[PDB]
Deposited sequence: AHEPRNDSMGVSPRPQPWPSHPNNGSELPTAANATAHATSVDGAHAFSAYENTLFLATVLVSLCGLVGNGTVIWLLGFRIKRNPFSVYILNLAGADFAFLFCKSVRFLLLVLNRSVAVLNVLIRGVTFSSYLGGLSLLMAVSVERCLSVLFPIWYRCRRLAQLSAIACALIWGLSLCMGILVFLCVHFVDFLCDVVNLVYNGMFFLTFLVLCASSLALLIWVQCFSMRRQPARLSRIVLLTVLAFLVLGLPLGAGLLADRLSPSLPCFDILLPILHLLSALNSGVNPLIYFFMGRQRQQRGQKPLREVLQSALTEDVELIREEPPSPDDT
């Protein structure tokens, strides 16, 4: 009976990501971190845009499922991407306590909008690869899955080594501890989801689990907007 409820929060994730879109992007003034949050909000809005759309096509029963190709097609990007954005924010914040004058004064105003658009320019281009190589297949194109996993592992390790660096600096400088760690909390489910997707076949039992697991997924995308508001307002 879960699918009835999950669509609602999935809708509400939108009632939210959509607002942050406005608050961070169009209402408050742009700040280096704004652009990153904005991209995080836009990506989620989308992984949810197609999601809730499939959900409606299914209830409607007008069914095609070439949609499904895309939804899992770019799935590998809410990850190399979202985790890369989170790494970018964490590194920028560690550069804004180590290099205050540089960050406030001599930093390219559009360096956020080059980092963003580079992360995507080499994240989708890397996730389309895994979608084209684990589904359709070429023999040694499969070393690519290792690359994604190496790039993913490096991004997570840099995220941690940056967030831990910031927290070790702040103690040496209850809600400030959550602001300094606001991004490791949100890039924890990204690694969790990637690990689930890659290691699901190891113990595959998501047939009797997807209806309930997707409630957790939608709940993540619905609690995400409040975290972007607590981390960029």
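- Several segments of the deposited sequence have no coordinates for C-alpha: 1 to 52, 226 to 235, 296 to 330, numbered from the first residue.
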